[PDB]
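S.K.: Structure for this input, please:
(chains A, B, C, D and E)
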Amino acid sequence: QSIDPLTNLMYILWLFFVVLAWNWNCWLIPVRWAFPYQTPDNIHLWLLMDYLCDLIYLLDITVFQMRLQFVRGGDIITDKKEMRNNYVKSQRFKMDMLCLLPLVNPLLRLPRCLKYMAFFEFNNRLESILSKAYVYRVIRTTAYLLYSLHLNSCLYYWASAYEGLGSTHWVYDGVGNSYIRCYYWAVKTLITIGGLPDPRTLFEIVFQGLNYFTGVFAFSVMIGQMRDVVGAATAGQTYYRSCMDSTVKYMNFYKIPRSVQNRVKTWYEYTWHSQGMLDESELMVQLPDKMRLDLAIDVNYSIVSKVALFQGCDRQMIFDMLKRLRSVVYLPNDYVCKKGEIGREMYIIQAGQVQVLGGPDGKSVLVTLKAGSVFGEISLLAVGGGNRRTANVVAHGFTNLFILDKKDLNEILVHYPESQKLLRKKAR
Amino acid sequence: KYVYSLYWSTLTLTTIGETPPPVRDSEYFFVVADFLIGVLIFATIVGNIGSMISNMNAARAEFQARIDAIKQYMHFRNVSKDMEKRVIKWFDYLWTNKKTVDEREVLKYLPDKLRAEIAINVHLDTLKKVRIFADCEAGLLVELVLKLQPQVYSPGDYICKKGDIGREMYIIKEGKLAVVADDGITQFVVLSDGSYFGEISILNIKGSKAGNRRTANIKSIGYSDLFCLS
Amino acid sequence: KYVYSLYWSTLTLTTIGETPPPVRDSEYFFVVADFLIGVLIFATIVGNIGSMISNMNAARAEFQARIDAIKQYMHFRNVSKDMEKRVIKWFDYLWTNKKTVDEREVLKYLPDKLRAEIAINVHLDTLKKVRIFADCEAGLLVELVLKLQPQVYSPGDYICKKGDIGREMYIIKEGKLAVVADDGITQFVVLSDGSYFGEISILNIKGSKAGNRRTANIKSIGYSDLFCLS
Amino acid sequence: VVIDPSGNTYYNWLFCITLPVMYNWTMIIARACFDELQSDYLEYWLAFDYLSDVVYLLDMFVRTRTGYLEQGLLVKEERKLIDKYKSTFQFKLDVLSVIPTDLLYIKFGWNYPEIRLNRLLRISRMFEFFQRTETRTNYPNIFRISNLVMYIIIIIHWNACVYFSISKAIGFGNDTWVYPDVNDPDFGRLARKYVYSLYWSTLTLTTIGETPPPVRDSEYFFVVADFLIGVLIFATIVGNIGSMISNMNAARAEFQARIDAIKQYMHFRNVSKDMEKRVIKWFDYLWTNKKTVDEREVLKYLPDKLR
Amino acid sequence: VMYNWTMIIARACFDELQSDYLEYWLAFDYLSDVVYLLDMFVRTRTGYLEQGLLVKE
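M.R.: Numbering: from 1, shown residues only, chains lettered A, B, ... in the order given. Sharing the structure here:
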């Protein structure tokens, strides 16, 4: 039963456990080496978690890690046969088989924790799935800085132990929890390692600039990740705002009246919500053509396929019309169709409701159409100025129509004569 | 009791050596957490004004990029100095009187109904004043209003000279054109805003006298900012 | 005499303030200027590192913007969940194999001569293997190579179906297509790289039996980057 | 008689009016907060104040004779120019800054220069200069970094003056946070005072704590306020520097991105290495000879007539 | 909400502030709960767009 490395929803959650175990090792080995926390009262409980870490590391070499579908020449291999030998010849098996061999002590597990690519793969999966993935990078670099401080404190504790508790000025004692003491020391020395009247020796003053540079580098990385995250978060808001005040400045320059100004501002605000984009074509053009075609045939294909006007035509025709459908949002009480107008287009309803304002003297609803209803298709087979609209059609609220202009139909018809003859026969 | 604690919190968030050492173990946790938390907020706020500042000066950045690209182009093409000063003055005018954005990309997102409304608000009376378009349907006049295209000129620029091929109709929105002779002097008439020319040549006429050919050299006195229909 | 001076310089310009305070009215503004220079320096490193990390992480930013935009669109228009999975898989495949940017946009920057040479290099041996273009002039074949267009597909996607207009020829560069019956479950011929099936249809032969109509359903079993000549 | 607001006379007059505005913004607070500058150099800053006032009046006159373009033609009518001037908030600000407030000298004494604090409103004119210069300069980055540095200098000077005024209000020597004393042989010299105030303000706006700790509540609050202001200042500085570096490197970054796109495509499709060398050499030729931009896209920006 | 955020931990920690200004704290504290109830009322009296119709039920 070959599993999917992506979107399996269980492989990522098990990678979570594996990266947690790897972090446990990478954070506990320095502590076990430096601090004498491996007391007889805790050695057994630590070594139990050590056994579980060994077992989960084994699970990351064979079994579940054994199965992984991949792609070769476009073809997805998911037969549980060929990647049995692909993994053993891959780099993933190379960084393994040395991270698990038997060999507490500092050098005991330092070569036994080297899976830096499994955590990167877990990262990639997280940013693939998680929507708010920008902050994950900064929390990653925060963990990096905290691990740097952890190592700097473990080394300080080792130095103090090798020098003696109460030997020189910089050493500490073990009356309390020495871990937080050493962490405080490392943090303090990350910015405070100078002092003219304290020439310690020729090996401490020289590297103070080095540690200050490391701190400044990490701090600049912090600031850069914040700035990138803020920019990525506010890009869409800034673009929408900029378009809005550019239109507002244009209209104020041209002394546009207050009412139409309110209408266009309402359109801007209502389209910014529930869309996130001011227009959909700029997104679609960047898309692959087959993706666009599938989107068109999965959004509004069944609505146009049941239209009685285009019955019996081929599929390429209707596919191309779907590709040339243009979305539009109408405000409440907006005259979608006016009485005595050319009415060349063909609207379909995808969200909202529209009403045919008829009656004895007008301003009277005759019939309301809902999502999935088309109207005006009889005009698509007309000629120049020969389909004067019959009545008035008004949008009840905020409606979402799909317009298909007659000129686009003519252009599409240019390439299809066998459907053109049928359409002209229907018109006749 | 409040202000000293506020100052101590400020010091603890900012620095680590400006306060007496946390002689008790539980105080070390407080100081370390304060340092990490404060560095987090400081990075966040620094990134915030960084992004804001980058956003504030961005139109200027693109405008300077356009100007630099222009100058490089006409540097490696040996364009004369007069044209150099003319285009530099043009970009100076664009930046000074804010006109960098064009009208076509400003309204590229609005639906056709709102575009039609704003467009008939901007110029419908002038189009109704046009002799040919006077007594025609409102739908046609709406169709002819969305097809206008802005064209902004500079002082001394020639909109058209005698003998040129005419396939446009020009309506002066906010400008002052003048009909000059072939020598450029001896002003004949001055066309203020709201007027138009080349309305008979925009439509083909059986046996027209001056077929698609201008019969008068007209130029801009100052800036023109007129609209054209093809 | 130099080590002490260098230590004082590197402690004053890092704004640590561990040096003895100025006492003689001339060290004061010297230290003030040193603090100013240190502040400007630190601003320089932080700005340079931020710009470097922004530039080095820009392609992922645009790809994430496009992926979030398309996900939001497909959630807004209530597309099928199966298509959601298909589109997400197609995008992750395109990012994994570094095929995100379409070839036309990628090659738009190159000059015409270099673009033509690269196009001849990449696919002109394959265009000489098609039956119709075996004995053909090389000058025409160069233009035909220049006219090829890329087409990327997905598993289960149909290329031509049956009874279509049939106005294109497809050259399988990468991937594997398949010829299936009307019900896409039974397989007859599984084509491979370099093959082609729309050769006769484009050249409309007089009297051709069942002209410009595909006679077999062709579906992509992999991702099948193909090239089309219209 | 009317001067083009885009010409060269307008720019040099912008410089000429930027001079006294900066002089006021820098010296008024200094000679009000110290009272030894004000006492010693009386006639210097009588003449300088007279010059600043007459330059302000000349700026009013120039703004009455500036001119604007109507229908694309610059207006050359005095009445229209005067009415256009007397319609903006700038006219109100200028009138507020030009009222004679020196009559309070007889009412408040010659020890109060704060009465000339209404002149700190023509700063917009100064801002205008630093905009126009930014358009006319050869290398904008150097000018903008100089402007930012000058702003930081002005803020630090204001903080030093405020600290000295607070120290005087509390009393010289009342505690270790205040200014030491005015009776020392060196600390009562008006040079030591100003330079030490600058040192303290710079050390306080920047990383906090190095100065002697506060004693009283007002000092405790002032230290925190200065820390907040310094944090904001340093964030603004780093944001400006980052924007500078990004703007300078944007062109090279985009050209490099184009190159990596081409190289990735040529690594995807198996291309002869000789053509890889040829295209790389072509891109290097484009970069070295400053021909990296496309002519068509460059000309797209221009209007049709100029094109 | 602003008052309940920056003026509750200042009394849970500075026992003198509450002991001194108890009457003002009680008044503002009851006002806060009254406005909280009115928050429920308003939230029950807000519409929402259904196909752009702005439901008013």
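
S.K.: Buried residues of stretch D:141-159, list them for me.
M.R.: D:144, D:145, D:148, D:152, D:156, D:157, D:158, D:159 (16 or more other C-beta atoms under 10 Å in any protein chain shown). (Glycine included, C-beta is placed from N, CA and C.)

S.K.: so how far is it off the chain centroid?
M.R.: 6 Å (C-alpha atoms, centre = their mean, to the nearest Å).

S.K.: which stretches of the stretch 101-250 of chain A form strands?
M.R.: Counting by DSSP state E, counting those that start in this stretch, the stretch 101-250 of chain A forms no strands at all.

S.K.: count of residues packed around the one residue in the stretch 251-400 of chain A that gets nearest to chain B?
M.R.: Closest to chain B within the stretch 251-400 of chain A is residue A:278: 4.4 Å, counting by C-beta to the nearest C-beta. Counted with other C-beta atoms under 10 Å in any protein chain shown, the neighbours of residue A:278 add up to 18.

S.K.: rewinding a little: and the buried residues of stretch D:141-159, which is closest to chain B?
M.R.: residue D:144 (9.1 Å).

S.K.: which residues touch the residue lying closest to residue D:222 once chain neighbours are set aside?
M.R.: The spatial neighbour of residue D:222 that comes closest, neighbours along the chain excluded (C-beta to C-beta, 6 or more residues apart in numbering or on different chains), is residue D:166 at 6.5 Å. By C-beta atoms under 8 Å, 6 or more residues apart in numbering or on different chains, the residues touching residue D:166 are D:218, D:219, D:222.

S.K.: Can you spell out which helices and strands pack onto the biggest helix by length in chain D?
M.R.: As assigned by DSSP state H, the longest helix anywhere in chain D is helix D:217-268. With contacts taken as 3 or more C-beta pairs under 8 Å, 6 or more residues apart in numbering or on different chains; DSSP states H and E, helix D:217-268 sits against helix B:3-14, helix B:25-56, helix B:59-75, helix C:27-56, helix C:103-107, helix D:140-170, helix D:192-205, helix D:273-288.

S.K.: If we use 6 Å, what do you get?
M.R.: In terms of contacts (3 or more C-beta pairs under 6 Å, 6 or more residues apart in numbering or on different chains; DSSP states H and E), helix D:217-268 is packed against helix B:3-14, helix B:25-56, helix C:27-56, helix D:192-205.

S.K.: Would you mind finding the most buried of those?
M.R.: Of all those, helix D:192-205 has the most neighbours on average by mean count of other C-beta atoms under 10 Å in any protein chain shown, namely a mean of 22.

S.K.: Just the CA atoms of it, as PDB, please.
M.R.: Provided in PDB are the C-alpha atoms of helix D:192-205 (Å, rounded to 0.1, in the frame of the first residue of the first chain):
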ATOM      1  CA  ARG D 192      30.600  72.000  28.700                       C
ATOM      2  CA  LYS D 193      26.900  72.500  29.300                       C
ATOM      3  CA  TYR D 194      25.800  72.100  25.700                       C
ATOM      4  CA  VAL D 195      28.300  69.400  24.800                       C
ATOM      5  CA  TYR D 196      27.500  67.300  27.900                       C
ATOM      6  CA  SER D 197      23.700  67.800  27.200                       C
ATOM      7  CA  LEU D 198      24.300  66.500  23.600                       C
ATOM      8  CA  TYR D 199      26.300  63.500  25.000                       C
ATOM      9  CA  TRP D 200      23.500  62.700  27.500                       C
ATOM     10  CA  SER D 201      20.700  63.000  25.000                       C
ATOM     11  CA  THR D 202      22.600  60.900  22.400                       C
ATOM     12  CA  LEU D 203      23.300  58.200  25.000                       C
ATOM     13  CA  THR D 204      19.700  58.200  26.200                       C
ATOM     14  CA  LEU D 205      17.900  58.200  22.900                       C
END
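
S.K.: got the contact list for that helix?
M.R.: For helix D:192-205, contacts defined as C-beta atoms under 6 Å, 6 or more residues apart in numbering or on different chains pick out C:25, C:28-29, C:32, C:35, D:156, D:159-160, D:163-164, D:186, D:210-211, D:226, D:230.

S.K.: Type out the PyMOL command that picks the buried ones from the contacts of residue D:166.
M.R.: Buried residues among these (16+ other C-beta under 10 Å), as a PyMOL selection:
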select buried, chain D and resi 219+222
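
S.K.: Now render the contacts of residue D:166 as JSON lines, adding distance to residue A:345.
M.R.: Listed next are these as JSON lines, based on distance: C-beta to C-beta, whole Å:
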{"residue": "D:218", "distance to residue A:345": "73"}
{"residue": "D:219", "distance to residue A:345": "74"}
{"residue": "D:222", "distance to residue A:345": "70"}
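
S.K.: For the closest residue to residue D:134 other than its chain neighbours, give its distance to residue D:238.
M.R.: Take residue D:134 and drop its neighbours on the chain: the residue closest to it by C-beta to C-beta, 6+ apart is residue D:140, 5.6 Å away. Separation of residue D:140 from residue D:238 (C-beta to C-beta, to the nearest Å) stands at 19 Å.
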